[PDB]
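# My complex, part one, positions kept as in the full thing:
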Amino acid sequence: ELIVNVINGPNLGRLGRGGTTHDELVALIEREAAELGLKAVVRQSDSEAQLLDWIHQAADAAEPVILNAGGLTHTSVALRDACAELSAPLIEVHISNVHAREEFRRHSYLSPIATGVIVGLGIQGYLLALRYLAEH
């Protein structure tokens, strides 16, 4: 019921140097989860292996995942395969509109196995993902 895992991939630690930092993002997400009667567990890593371990744990616990894989979105089959194990919903979030930039950003290995996908609505995208999981 309560626990939602928010997982951020490579370079998302560099947020705010917008002016919103990753710590600020964690704080916004936590607050919104509280207002929605959820607990958000937010994690970020530049390491593919660390991201896979976190997905493994969400699979074993049957908890939902909101995932912004950063660059790995367009490149990693390993991450996609880890996510394919999830039984609870997977929501893909991108801060920027990945369809308005380079062609390589318009393909995601994650989109076809995600429940849904939100892009280009900024940091609010994460909050809106939270809200979707709350009404489901």
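Now that the structure is in, tell me what you want to look at. Numbers count the residues shown, from 1 in each chain, chains lettered A, B, ... in the order given.
# Residues contacting stretch A:112-123, please?
Residues from elsewhere that reach stretch A:112-123 (Cβ atoms under 8 Å, 6 or more residues apart in numbering): A:18, A:20, A:25, A:28, A:67, A:80, A:83-84, A:89-100, A:108, A:110-111, A:125, A:128-129, A:132. All C-beta atoms are positioned from the backbone trio N, CA, C, and that covers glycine.
# Among those residues, name the buried ones.
A:25, A:28, A:67, A:80, A:83, A:89-95, A:98, A:108, A:110, A:125, A:129 (16 or more other Cβ atoms under 10 Å).
# Sort out for me which of the contacts of stretch A:112-123 are in strands.
A:67, A:90-94 (DSSP state E).
# which residues touch the residue nearest the centre of chain A?
Closest to where the C-alpha atoms of chain A average out (Cα atoms, centre = their mean) is residue A:67, at 1.8 Å. Counting by Cβ under 8 Å, 6+ apart, residue A:67 makes contact with A:6-7, A:9, A:55, A:83, A:90-93, A:110, A:114.
# One more: residue A:51?
A:7, A:9, A:45, A:69, A:72, A:79, A:82.
# leaving aside the residues next to it on the chain, what's closest to the third one?
The shortest distance from residue A:45 to any residue that is not its chain neighbour, by Cβ to Cβ, 6 or more residues apart in numbering, is 5.7 Å, and that residue is residue A:51.
# here's chain B, drop it onto the model above:
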Amino acid sequence: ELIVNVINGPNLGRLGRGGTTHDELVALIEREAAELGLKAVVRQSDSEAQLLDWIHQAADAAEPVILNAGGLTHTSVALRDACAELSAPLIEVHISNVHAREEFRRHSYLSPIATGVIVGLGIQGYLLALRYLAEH
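Chain B now in position relative to the chains above:
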């Protein structure tokens, strides 16, 4: 003569949750190697860097490798380049038939430099790889 390195990539630790676990696989491989008069050293990691170090060691020791790179099979040039250094045979194994699934799984950076490749014969594929190395 005796030593064969079996290297498993990302997500192969999730075997059995088939019902064959990775530990079970290690056990099957070891037994078969013993019956063939070989020693199997089996290793698994979700970390590309760890996989590359293991390939580096096989190159320096001039020992054979049976490799199931998981997702990295379709994506990693770095791993392919590490494997290109091997002087002893490289056998590529996939549990599933990667040619019966998504198009992206039908390209391997490893196949063109491998001695040969076995797919879709399940866990027995590893054992059959062992047997090939024993008669060569």
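# mind redoing the contacts of stretch A:112-123 now chain B's in there?
Contact with stretch A:112-123 is made by A:18, A:20, A:25, A:28, A:67, A:80, A:83-84, A:89-100, A:108, A:110-111, A:125, A:128-129, A:132, as judged by Cβ atoms under 8 Å, 6 or more residues apart in numbering or on different chains.
# re the thing from before, quickly list what the residue nearest to the centre of chain A is bridged to.
Bridge pairing for residue A:67 (DSSP bridges) gives the partners residue A:7, residue A:92.
# what residues does chain A put near chain B?
A:47-49, A:52-53, A:56, A:59-60, A:75-82, A:85, A:109 (Cβ under 8 Å from any Cβ of the partner chain).
# Can you flag which of those belong to helices?
A:48-49, A:52-53, A:56, A:59-60, A:77-82 (DSSP state H).
# which of those are buried?
The neighbour count (16 or more other Cβ atoms under 10 Å in any protein chain shown) marks A:48-49, A:52-53, A:56, A:59, A:77-82 as buried among those.
# Name the nearest residue to whatever residue of chain A ends up closest to chain B, sequence neighbours excluded.
At 3.1 Å from chain B, residue A:78 is the closest residue in chain A, using Cβ to the nearest Cβ. Excluding the flanking residues, the one nearest residue A:78 by Cβ to Cβ, 6 or more residues apart in numbering or on different chains is residue B:71, at 3.1 Å.
# cool, residue A:132 as well?
According to Cβ to Cβ, 6+ apart, the nearest residue to residue A:132 is residue A:91 (6.6 Å).
# mind listing what residue A:12 touches?
A:22, A:44, A:68, A:70.
# What sits closest to the first one if chain neighbours are left out?
Closest residue to residue A:22 apart from its sequence neighbours, by Cβ to Cβ, 6+ apart: residue A:15 at 4.5 Å.
# same structure, new chain, call it chain C:
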Amino acid sequence: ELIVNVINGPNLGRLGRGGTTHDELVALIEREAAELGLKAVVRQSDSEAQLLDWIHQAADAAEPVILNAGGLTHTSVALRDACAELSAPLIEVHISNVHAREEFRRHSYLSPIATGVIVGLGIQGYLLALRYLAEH
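Chain C goes in next, on the same frame as the chains above:
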């Protein structure tokens, strides 16, 4: 003014087993930097995450980077995105002529955001990169 970061990616630790080793390369680069009135800080890792941290530090310090990403050159969007943060020049170096080999080596995620690119001039490529940064 003085500091230039030279960053080597996966498999570059295997140099010399040419006969030039990575340690030898570090030594050549340092000497040339000294003769040019610079300091070269040379680093190598098989770990994408480690490479990204080093790029993050160059971005925060506003220092230049000479980067040979190895295999990650052709595959990593995450590394490209990290490098896009650099305000000082980025020079891409490849020891081999990547345009004379397999087709996959003829695409780089880094070239379009690099100041310039040197390939196929061997280890001297790094020294020539140093010299460019010295006259700019």
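# Check the contacts of residue A:12 one more time with chain C there.
A:22, A:44, A:68, A:70.
# List buried residues within the residues you listed.
Among the contacts of residue A:12, the ones that count as buried by 16+ other Cβ under 10 Å are A:44, A:68, A:70.
# What is the nearest of those residues to chain C?
For the buried ones among the contacts of residue A:12, the minimum distance to chain C (Cβ to the nearest Cβ) is 5.9 Å, reached by residue A:70.
# how close does the closest one get to residue C:46?
As judged by Cβ to Cβ, to the nearest Å, residue A:70 and residue C:46 stand 20 Å apart.
# Residue A:29 now?
33 Å.
# neighbour count winner among the two?
For residue A:29 versus residue C:46, neighbours defined as other Cβ atoms under 10 Å in any protein chain shown are more numerous around residue C:46 (28 against 22).
# Pretty sure residue C:10 is one of the things the more buried one touches, is it not?
Yes. Applying Cβ atoms under 8 Å as the test, residue C:46 and residue C:10 come out as touching, 4.6 Å apart.
# what sits in contact with each of the two?
With Cβ under 8 Å, 6+ apart, residue C:46 and residue C:10 have common neighbours B:48-49, B:52, B:78.
# Pull the most distant pair out of those.
B:49 and B:78 (9.1 Å; Cβ to Cβ).
# Quickly list what's touching both of the two.
Contacts common to residue B:49 and residue B:78, judged by Cβ under 8 Å, 6+ apart, are C:10, C:46.
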